[PDB]
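S.K.: This one's experimental. Sequence and coordinates below.
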Amino acid sequence: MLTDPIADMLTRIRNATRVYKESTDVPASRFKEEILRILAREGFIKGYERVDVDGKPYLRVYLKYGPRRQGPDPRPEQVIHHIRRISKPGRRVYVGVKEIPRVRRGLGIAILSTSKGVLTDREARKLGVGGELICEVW
Amino acid sequence: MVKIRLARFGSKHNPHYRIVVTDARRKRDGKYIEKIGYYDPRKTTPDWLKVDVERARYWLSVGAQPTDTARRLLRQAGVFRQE
Amino acid sequence: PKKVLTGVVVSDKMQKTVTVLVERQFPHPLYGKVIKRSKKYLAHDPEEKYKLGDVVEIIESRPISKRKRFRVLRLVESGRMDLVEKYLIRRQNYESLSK
Amino acid sequence: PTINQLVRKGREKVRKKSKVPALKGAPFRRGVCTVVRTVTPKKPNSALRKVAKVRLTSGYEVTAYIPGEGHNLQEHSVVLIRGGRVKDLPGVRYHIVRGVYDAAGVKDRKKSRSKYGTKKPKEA
Amino acid sequence: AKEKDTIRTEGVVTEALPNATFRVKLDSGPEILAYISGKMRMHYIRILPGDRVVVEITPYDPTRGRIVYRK
Amino acid sequence: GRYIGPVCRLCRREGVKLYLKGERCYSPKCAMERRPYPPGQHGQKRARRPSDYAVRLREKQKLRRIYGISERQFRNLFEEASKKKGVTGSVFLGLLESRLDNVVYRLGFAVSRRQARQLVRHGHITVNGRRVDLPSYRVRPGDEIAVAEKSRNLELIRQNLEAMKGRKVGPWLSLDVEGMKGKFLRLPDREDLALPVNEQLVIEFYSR
RNA sequence: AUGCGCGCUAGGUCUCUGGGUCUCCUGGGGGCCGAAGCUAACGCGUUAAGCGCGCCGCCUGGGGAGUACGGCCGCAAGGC
RNA sequence: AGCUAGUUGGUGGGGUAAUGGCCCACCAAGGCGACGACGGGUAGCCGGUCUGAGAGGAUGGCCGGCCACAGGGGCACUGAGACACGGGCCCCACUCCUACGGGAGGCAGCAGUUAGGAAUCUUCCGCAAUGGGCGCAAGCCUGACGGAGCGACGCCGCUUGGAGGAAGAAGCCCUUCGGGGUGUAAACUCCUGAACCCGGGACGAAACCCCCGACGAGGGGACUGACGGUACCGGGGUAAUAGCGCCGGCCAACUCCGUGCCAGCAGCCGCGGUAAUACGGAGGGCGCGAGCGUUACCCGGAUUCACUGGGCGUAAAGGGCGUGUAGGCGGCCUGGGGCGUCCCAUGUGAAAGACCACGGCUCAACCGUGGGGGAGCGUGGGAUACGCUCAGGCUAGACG
Ligand SMILES: [Mg+2]
Ligand SMILES: [Mg+2]
Ligand SMILES: [Mg+2]
Ligand SMILES: [Mg+2]
Ligand SMILES: [Mg+2]
Ligand SMILES: [Mg+2]
Ligand SMILES: [Mg+2]
Ligand SMILES: [Mg+2]
Ligand SMILES: [Mg+2]
Ligand SMILES: [Mg+2]
Ligand SMILES: [Mg+2]
Ligand SMILES: [Mg+2]
Ligand SMILES: [Mg+2]
Ligand SMILES: [Mg+2]
Ligand SMILES: [Mg+2]
Ligand SMILES: [Mg+2]
Ligand SMILES: [Mg+2]
Ligand SMILES: [Mg+2]
Ligand SMILES: [Mg+2]
Ligand SMILES: [Mg+2]
Ligand SMILES: [Mg+2]
Ligand SMILES: [Mg+2]
Ligand SMILES: [Mg+2]
Ligand SMILES: [Mg+2]
Ligand SMILES: [Mg+2]
Ligand SMILES: [Mg+2]
Ligand SMILES: [Mg+2]
Ligand SMILES: [Mg+2]
Ligand SMILES: [Mg+2]
Ligand SMILES: [Mg+2]
């Protein structure tokens, strides 16, 4: 079983970040798409789009990188340091308004799936509605 | 039997009283239905005595039979006074 | 408010009576993981119109007997013995694991 | 492990067990001597240390180390335990505590003497 | 204070036991557990069964001694 | 009670000049100038490089010595500060200062802190009406401190007054030098004090 | 001395076995050496011990001791 | 690991203020259970309390609520209400009296004795306050309570002086014999004036009572203190208890003799077998301070049972593998439902405590007033992104 999609996507993204692969692939979903959009808005990727690979709706990820470094380790400074699907299917997390974390004391973001759509932490706070804590990203 | 009465709450030599509504058969500190006012013997403050008038009146209406000190306090506070 | 429950009739082997399985789904007091929990209830029905494998709405009541403390309100769907089936299987399994 | 598994089985909590059956977790316990002896220490260190086997109000018969510099204690004298392991000596979990009862204090301690039932050197 | 009640009596070694513990039969009378001096151990002076060592003795318990001097 | 006993010895130990004698601790006689080392047999021994913890402890001791308070009291004060909002250093220091005895000293109602405390104890002083004898008193801001009329007479007090007819008071306080009065104007800030102490170290020491 | 399942993440090299438009592609196994990464190091490294997720099985100092006691199996040995 | 025979359901009846296997007669043959029954142990439970960054973990002392029990057991009766602590009957156990037939007891009420025990208080005053009961009321009771007494038992507060006063008294210790320390510490001078005595001295207590007013509202009056001659205020008025632990590392603080693997210390590492910074003393020092240590018990540190936050090739640890039930978990699209989930509103979350403010007791403790919050749970409305669920579909998984 492809036992979670979101988690898988996140993993793929992480892998891409690790190996400096500019571009990666992931199957398509509404939820996934929304997440990608959010990421784009934040600035955590360059962009997304849905090309057909094979014959099945896949998804291009356009992978962001920091300026190519000088010194030992001239491998690019990362944009996404760490990305973690927090509400793993099983350990299912639901945060109300008082329980959303200011992740990294504000710098990076959590992503909250909510009644009022799929969105950032700040947005959630503003709208006062909490929900499923899909993923933490910094 | 329901009484408006006094509940001691301060300390040794320092008495302080809750004008309070409860059942007769309870400890003097006991679980009461409604706090309504407070009183101090030392008259130590500008406001040593206070009561919520309306609440007290309501209690009386139902048939809260106040103990005599409590009654006096109520009178002083202006709950028996009718205009 | 009288307690309104919704579960499945998993046994009628009694006069007027139905046994009702309620999946109560709730999060754990620490680990969060939502757990499916079962409580077999006894319910009163001066009809026996409600039969085995029927999903029913259950009302909290004044008691009729030692642990028979519910009235049947109304049917939701009939014949879903498939959900009963699991319960029966579990019961059967009970036999296996003793000595 | 994994979360459902945890829920099923549980984190089998550790009961932190006592280093002392002075019973009841009674902090100090009085006892009567059975034998008073001298004792060879362990393998790193050597001497001949002071231990009484002591029967309790709790019922048992345990080993109790007498500190000081030379006990007044004997064979049927009444004594107090305060517990506490002594590292060198095997099975001894119990300090006899100098001061109370027939465990009289150490003569001519002058420094650490409250641990030893020794009242003040009266000054002039 | 150092209680100097330490009983400085001689004994011929009956037996050998581990850790240099020795049942030594005394000039005084008994044979009691008496273990080696540290000094002796340091100096590698091998106590062997049939030797007149000086078994120091505690008045609290004579039944245990301490070997002081080289045979 | 207090510390009570050899005082400039403490100074020697902590290795910084503190003023506890007042005058005298102003001469070449806080020992410090005449002698500039730790007490006892090994005070004139060559110094060791100490521990971080040790340093912190020393700092704490110094602070405690300055206000000459029981350590339990100090602890309690610290706890209170922690409980309260804001800079748990500066605010703590302010709170400490708001101790009646210290306030008395700092207004220059007394030459020495211990002396001030003694005076307070013996009913010589009065805050805002009542004769207070309790040095611990947390003087709330905007409050008037005077010598008691019954103890207005004594020469010592006069001398003290004369001594501060010559110096400036701490900017969180004012004083009527003539009619033996004074104000605790606002809450004392830490920067208004120039204290031998580094507050952070103190906080660290407490923080376990 | 590596639970099973699925997904992803540089290669090269030999090897077996299949299909191809058959000097080289593409699958499925068996090895070796190694990117990133991981790891206490050794090492591991598209056959992961990496990144994840699903689920289960265990672990919480050694010795005591796989012993005792109980329980079940076994004709016993003994096992769990 | 199976349990259950009034045990599970039913008709009728009894019983109860009332439902009910509470009980009975009879029929039915269930009911519970690994989502942990039954059995064994443990245990009053909670508000809380301690801890803890938090999540938790431990605990349930006093104060508040409820429960249960009054030597053990059983039962009813009276009654609004008990299965009835200072009511009854019965048995058992025990103590007491006996003219041996039999009766009387119940401190897990205060207080105290005794026993056990490491350990825990006065055979106290008083009905003045508060409450309780009775009574028209006066009043009468009230070991509820108010207080005092004992215990550094805990917390908080203060006193054992302050100022001056040697390039530095002696005493004691070290010494490199120059000196250094104790140490401005002292002595001494100045001032204060804890203690202690004299003078006054209470708030707490205005009601209930009387009378005017209708015995109402309202008005006037008077009686009424255990604490206590205490708190306190005025005057006078003496320099007037310091102790304990430590001093190798953790860990703050070092030297000398004594001792020489001995005596000893220890919480761990360990120190000691001849100048021990670790043992015994001395000085010196450090920590606290009317306390300080020790021991127990608990949390922490211990992310060492790990949800936040561990692991499993070799360290403890992958089951010998397969198949497979329960259970857990589930690809993509489209919609409906809205259980989970989220939000708002509101109800509830008692007081005390915790929290913030201010106030009072000379501060603080302590206590008061005000406010907020508070997880959870109900109810009404909604949201539908996700999980669930019902419907339709799809082929990347899976199977063929
Ligand atoms: Mg001798
Ligand atoms: Mg398997
Ligand atoms: Mg590398
Ligand atoms: Mg390799
Ligand atoms: Mg590993
Ligand atoms: Mg075997
Ligand atoms: Mg066996
Ligand atoms: Mg009936
Ligand atoms: Mg039992
Ligand atoms: Mg019990
Ligand atoms: Mg209670
Ligand atoms: Mg009884
Ligand atoms: Mg009894
Ligand atoms: Mg009746
Ligand atoms: Mg009664
Ligand atoms: Mg006794
Ligand atoms: Mg009397
Ligand atoms: Mg009469
Ligand atoms: Mg009487
Ligand atoms: Mg009392
Ligand atoms: Mg104190
Ligand atoms: Mg010692
Ligand atoms: Mg030590
Ligand atoms: Mg020493
Ligand atoms: Mg974990
Ligand atoms: Mg680990
Ligand atoms: Mg192994
Ligand atoms: Mg299944
Ligand atoms: Mg799904
Ligand atoms: Mg509250």
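M.R.: Everything's here; your move. Residues are numbered from 1 along each chain as shown, chains lettered A, B, ... in the order given. Ligands and ions are numbered 1, 2, ... in the order given.
S.K.: Pick out the residue of chain A closest to ligand 1.
M.R.: At 73.7 Å from ligand 1, residue A:72 is the closest residue in chain A, using Cβ to the ion. C-beta coordinates here come from the backbone N, C-alpha and C atoms, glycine included.
S.K.: First-to-last residue distance for stretch B:2-21?
M.R.: 7 Å (Cα to Cα, to the nearest Å).
S.K.: And the helices in the chain?
M.R.: Defaulting to chain A. Under the criterion DSSP state H, chain A contains helices at A:6-19, A:30-42, A:121-127.
S.K.: You answered for a different chain; I wanted chain F.
M.R.: F:8-14, F:52-67, F:71-83, F:90-97, F:100-106, F:113-121, F:155-164, F:199-206.
S.K.: Chain C too?
M.R.: Going by DSSP H, chain C shows helices at C:81-96.
S.K.: what's the longest strand anywhere in chain E packed up against?
M.R.: Identified as the longest strand of chain E according to DSSP state E is strand E:7-16. Packing partners of strand E:7-16 (3 or more Cβ pairs under 8 Å, 6 or more residues apart in numbering or on different chains; DSSP states H and E): strand E:21-26, strand E:31-35, strand E:52-57.
S.K.: Show which residues not belonging to the helix or strand following the last one make contact with it.
M.R.: The helix or strand immediately downstream of strand E:52-57 is strand E:64-67, counting by DSSP states H and E. Counting contacts by Cβ atoms under 8 Å, 6 or more residues apart in numbering or on different chains, the residues outside strand E:64-67 that touch it are D:37-40, D:48, E:11, E:20, E:22, E:24, E:32-37, E:40, E:47, E:53-58.
S.K.: quick one: is strand E:64-67 near ligand 1?
M.R.: No. Figure legend: strand E:64-67 not in contact with ligand 1 (Cβ under 5 Å from the ion); closest approach 11.0 Å.
S.K.: Around chain D, pick out the residues from chain C.
M.R.: C:28, C:31-33, C:35 (Cβ under 8 Å from any Cβ of the partner chain).
S.K.: And stretch A:114-130, what's buried?
M.R.: For stretch A:114-130, the neighbour count (16 or more other Cβ atoms under 10 Å in any protein chain shown) marks A:114, A:118-121, A:123-124, A:129-130 as buried.
S.K.: is any part of it close to RNA strand H?
M.R.: Yes. Applying Cβ under 7 Å from any atom of the strand, one finds stretch A:114-130 touching RNA strand H at A:114-118, A:128-130.
S.K.: nearest to residue A:102, of those?
M.R.: residue A:130 (13.5 Å; Cβ to Cβ).
S.K.: show me what contacts the closest one?
M.R.: With Cβ under 8 Å, 6+ apart, residue A:130 has these contacts: A:94-97, A:99-100, A:112, A:114, A:124.
S.K.: Could you measure from it over to residue A:93?
M.R.: 10 Å (Cβ to Cβ, to the nearest Å).
S.K.: one step back: which of the helices of chain F is buried the deepest?
M.R.: helix F:100-106 (a mean of 25; mean count of other Cβ atoms under 10 Å in any protein chain shown).
S.K.: Distance from that helix to the middle of the chain?
M.R.: 7 Å (Cα atoms, centre = their mean, to the nearest Å).
S.K.: which helices and strands sit right next to it?
M.R.: Here helix F:100-106 touches helix F:90-97, helix F:113-121, strand F:125-127, going by 3+ Cβ pairs under 8 Å, 6+ apart.
S.K.: can you list contacts of the first one?
M.R.: What that stands for is helix F:90-97. Helix F:90-97 has contacts (Cβ under 8 Å, 6+ apart) with F:67, F:69, F:74, F:77-78, F:80-81, F:84, F:102-103, F:106, F:138, F:172, F:187-191, F:193, F:195, F:199, F:202-203.
S.K.: Check whether it comes near RNA strand H.
M.R.: No. Using Cβ under 7 Å from any atom of the strand, helix F:90-97 stays clear of RNA strand H, with a minimum separation of 10.6 Å.
S.K.: Tabulate the CA atom coordinates of that helix in PDB.
M.R.: Extracted C-alpha coordinates of helix F:90-97, given in PDB (Å, rounded to 0.1, in the frame of the first residue of the first chain):
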ATOM      1  CA  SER F  90      16.400  44.600  37.500                       C
ATOM      2  CA  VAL F  91      13.000  44.200  39.100                       C
ATOM      3  CA  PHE F  92      14.400  41.900  41.700                       C
ATOM      4  CA  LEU F  93      17.100  44.500  42.600                       C
ATOM      5  CA  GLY F  94      14.400  47.200  42.800                       C
ATOM      6  CA  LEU F  95      12.300  45.000  45.100                       C
ATOM      7  CA  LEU F  96      15.400  44.400  47.300                       C
ATOM      8  CA  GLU F  97      16.100  48.100  47.500                       C
END
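S.K.: what's the angle between that helix and helix F:52-67?
M.R.: Orientation of helix F:90-97 against helix F:52-67 (axes from the mean of the first three to the mean of the last three Cα atoms, to 10 degrees) gives an angle of 40 degrees.
S.K.: try the second one
M.R.: For helix F:113-121 against helix F:52-67, the angle between stretch directions is 50 degrees (the same axes, to 10 degrees).
S.K.: okay, which residue is most central for chain F?
M.R.: residue F:67 (3.3 Å; Cα atoms, centre = their mean).
S.K.: who are the neighbours in contact with it?
M.R.: The contact partners of residue F:67, by Cβ under 8 Å, 6+ apart, come to F:74, F:96-97, F:99, F:102, F:113.
S.K.: Residue 83: how many residues sit nearby?
M.R.: Answering for chain A, as no chain was given. When neighbours are counted by other Cβ atoms under 10 Å in any protein chain shown, residue A:83 registers 19.
S.K.: wrong one, I was asking about chain D
M.R.: Around residue D:83 there are 20 residues (other Cβ under 10 Å).
S.K.: From residue F:37, how far off is the residue lying farthest from the centre of chain F?
M.R.: Distance from the centre of chain F peaks at residue F:46, with 30.9 Å (Cα atoms, centre = their mean). Using Cβ to Cβ, residue F:46 is found at 11 Å from residue F:37.
S.K.: same deal with residue C:5?
M.R.: Using Cβ to Cβ, we find residue C:5 at a distance of 83 Å from residue F:37.
S.K.: Look up the closest residue to residue 36, ignoring the ones flanking it.
M.R.: Picking chain A for this. Spatially, and ignoring its direct neighbours in sequence, residue A:36 is nearest to residue A:48 (4.3 Å; Cβ to Cβ, 6 or more residues apart in numbering or on different chains).
S.K.: actually it's chain E I care about, not the one you picked
M.R.: Of all residues beyond its chain neighbours, the one nearest residue E:36 is residue E:20 (3.6 Å), with distances taken as Cβ to Cβ, 6+ apart.
S.K.: show me the contacts for the one you found.
M.R.: Residue E:20 touches E:35-36, E:40-41, E:47, E:67, counting by Cβ under 8 Å, 6+ apart.
S.K.: can the residues you listed go into a markdown table with extra columns for distance to RNA strand H?
M.R.: A markdown table is the format used below for the contacts of residue E:20 (distance: Cβ to the nearest atom of the strand, whole Å):
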| residue | distance to RNA strand H |
| --- | --- |
| E:35 | 7 |
| E:36 | 7 |
| E:40 | 8 |
| E:41 | 6 |
| E:47 | 13 |
| E:67 | 8 |
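S.K.: out of the contacts of residue F:67, which one sits closest to residue D:64?
M.R.: Comparing these against residue D:64 with Cβ to Cβ places residue F:74 closest, at 40.7 Å.
S.K.: Can you tell me the closest non-neighbouring residue to the closest one?
M.R.: Nearest one to residue F:74, counting by Cβ to Cβ, 6+ apart, is residue F:64 at 5.4 Å.
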